[PDB]
Structure formats: C-alpha cells, structure tokens
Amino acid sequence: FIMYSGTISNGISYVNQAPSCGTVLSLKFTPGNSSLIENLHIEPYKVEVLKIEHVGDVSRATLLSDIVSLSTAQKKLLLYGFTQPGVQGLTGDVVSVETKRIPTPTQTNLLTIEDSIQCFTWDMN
C-alpha cells in the first residue's frame, strides 16, 4: 500500500490501491494562485477520508474537511487521485499534496462527495 506526497501532476494517484478497512486517510492540498483542474480553480483544503464506496453508478467519498463545502475542482482533484488512471486535467501553478494515515478523524465538517468514476473503495467498518 503506497501513499504519494509531493507535487501533483496528471497520472498521480494518491494511493496505488484501496487501503484496508477502517483506514482514515488525511490529504492536505496546497495550490498556487492559479491552479486549475478541468478549467476549475483549486483552493487549499484538507480532508480525512473515512471511506469510498460505489453507490449506483458513482463513487461516493465520506470525509471530514476543514472547509464547509468542496468545490467541483476540489472534488475532482481528490477523487481522480483515488483512481487507477489518476489525476487528469491539471494545469497551472503547482499543487502539492500530503497524504498520510491518521488514527482518528480531527476535522469538523462531514461531507459526502461523488463523481461518475471508478475510485478505489474501502469500508469504514
């Protein structure tokens, strides 16, 4: 099980496969002034992902975040990096990620995000 930290580029996956059940993954994203994914501007954010599941025809991540809602840019930057093909459509000022396992969630906003892609999936329980 491999986690990636550093400069994000197209084809990067933050993990190489789904972690085992119960894993909480912290990812902190630091863009520049003009970082774009699929023409959408990326602002900084921190997430603690409790699980990603497939529901119907979408991937659904349940996470705790330092911010009240994620933009489409932040959703795609996160979820594309949880797929085998990895991040796509990223350009502009470099974005860095730090990815780590943490023992317990710390952030205070519970968010559910989805996209019609094939993320790596793992359960919380």
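A residue's number is simply how far along the shown sequence it sits, counting from 1.
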Highest mean C-alpha temperature factor of the two stretches 73-81 and 95-103, which is it?
95-103
Stretch exceeding the other in mean C-alpha B-factor - 50-58, 24-32
50-58
Among 64, 42, 68, 90, which residue carries the highest C-alpha B-factor recorded in the PDB entry?
68
Name the third of the chain's ranked CA B-factors that contains residue 119, choosing lowest, middle or highest.
middle
What third of the chain, by the recorded C-alpha B-factor, contains residue 113?
middle
Is the Cα B-factor recorded for residue 18 in the lowest, middle or highest third of its chain?
highest
